[PDB]
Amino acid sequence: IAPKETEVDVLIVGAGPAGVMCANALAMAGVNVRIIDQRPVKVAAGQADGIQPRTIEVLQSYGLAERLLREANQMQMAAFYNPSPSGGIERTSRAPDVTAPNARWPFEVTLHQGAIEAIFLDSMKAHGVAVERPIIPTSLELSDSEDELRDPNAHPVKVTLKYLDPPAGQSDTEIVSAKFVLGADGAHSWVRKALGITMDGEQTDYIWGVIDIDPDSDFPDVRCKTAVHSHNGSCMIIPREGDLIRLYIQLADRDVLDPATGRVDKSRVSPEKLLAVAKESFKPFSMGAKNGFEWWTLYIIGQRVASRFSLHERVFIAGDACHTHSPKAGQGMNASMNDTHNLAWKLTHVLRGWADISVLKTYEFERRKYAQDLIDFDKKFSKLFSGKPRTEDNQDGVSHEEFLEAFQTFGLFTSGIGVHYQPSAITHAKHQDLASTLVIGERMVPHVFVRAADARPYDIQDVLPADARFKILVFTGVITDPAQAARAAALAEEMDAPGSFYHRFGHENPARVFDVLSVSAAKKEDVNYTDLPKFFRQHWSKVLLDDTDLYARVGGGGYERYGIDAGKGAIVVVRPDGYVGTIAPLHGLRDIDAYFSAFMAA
């Protein structure tokens, strides 16, 4: 039965978090994408379960946060229990789970991986895309021809797929010719191995017992992230959806090795035993399960980074396939999902012919560095963050000053807000002076503005969706001053003139590429939406004001917050993934032109 031969723009191998983020993003952008998985059915329970503040913001950009917040538990508060004068544990302190006053949502949310995936899968289905399964790649061939590798319309990747459960009569093999392929196939990536890419770092894997239960407990902080150190041992509570909690229990090599044949034997440790360890650690508080185990595993996990995150910018890897993090690093699946949020808009642009293929180099540049920074920080500084109290002079060989700086950095890693991309084609660190708070290469900073047309308030993030468009935020200054109004009008002419970047890169319909917004430093009492130049109000909703809502509950103070001189203004470019790409003065359109020129095709 001859093998079937097909093409596709993007093939994704693996339908975990990274996979579904990517598939959804591509589907919502109307890209021709397929996604496969070797598992006959979707994961139902457990695994990754924490979502970070920045990741919530990202899901918001896709319209998916609403559902997450409706279904998920809020991990708002963390608590620390430690050995007591009397024996077993007492509470020493509590703190916000998240230390990040920028954050729109300054907490984590928890929910089982099955349910997180569902948010993406349901969105995918609505946009015409379904996981095909069970299927595995058996072979991956890639073109020698440099001309083919650099041609974004060639299909140089040939992936041979085997159907593990084909309809009777039909072939078990499909040979897919793809323009781009992504390996989102987890820590044991078949794709990574096939590409001949190493995983560099410590060879030590660590072992964690994990049980999800419905707790029978008088423990007061059962709904907090709780670090428990007892005479008997450590564990940690992650509160989950409803009344459920997860208990992580650190285990030893000893607990899992075979006294005879010295092999890793996971059957030595049962959930019953894990729970018995917890019971002891929680004394004098009770801890049992109301109804056995919702889920359990022995999680074996090391920290490593792939030596490369793409081959020829035609096959990529993402998530655990190219970097893994310990549970104590607090990353779960968050960096994995932000990898493909970074990748997809870039793939999208290349396929639409809007961006030169070289823009995809920025994926590895940005995301691989971040992964290394996480693990470099964990190695240097993780000893500080077990949740035993700092008692001593210069404890763990670091001063108070150095501890505070590390706790700050750590908080920025776990929130997901710290991500600071280095200069590249899509990150031009110039004119930072003009909006010192809107750090270039970091995500656009939440603040509320108000529409001139209808006085409705919006966080700026809500006007920066993941719609595969760049956003040009034109901070016009005090638009009521005739001089600054004339300035605004001049800039609008300039941007809409035929040779400008907007039209030259706009492919006959520039508003599909570039979303232009005004943000004027005046109040609604003095500005109607029609007062702005047409180019700054392409729709009536594009006219924002630095002003409060009608009941003075939100808004105002935006120019001050962002560090923008209200008398001069600035142009702030935000990428489709919501990161600030560059800044320029109102007279500095030529620098915006240079920005897009470094990666967009005419």
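Residue numbers run from 1 along the displayed sequence.
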Mind pulling up the entry and telling me whether 565-573 or 30-38 has the higher mean Cα temperature factor?
565-573
Report the stretch with the higher mean CA temperature factor, choosing between 479-487 and 214-222 on the basis of the entry.
479-487
From 142, 355, 181, 468, residue of greatest CA B-factor:
142
Can you pull the Cα B-factors for 264, 448, 311, 247 from the entry and say which is highest?
264
In terms of its chain's C-alpha B-factors, the third that includes residue 153 is the highest
Where does the C-alpha B-factor of residue 330 rank in its chain, lowest, middle or highest third?
middle
Consider only the C-alpha atoms of the modelled residues in this chain, order them by B-factor as the entry records it, and name the third containing residue 462: lowest, middle or highest.
lowest
Ranking the modelled residues of this chain by C-alpha B-factor as given in the entry, is residue 503 in the lowest, middle or highest third?
middle
Sorting the chain's modelled residues by C-alpha B-factor, tell me whether residue 529 ends up in the lowest, middle or highest third.
lowest
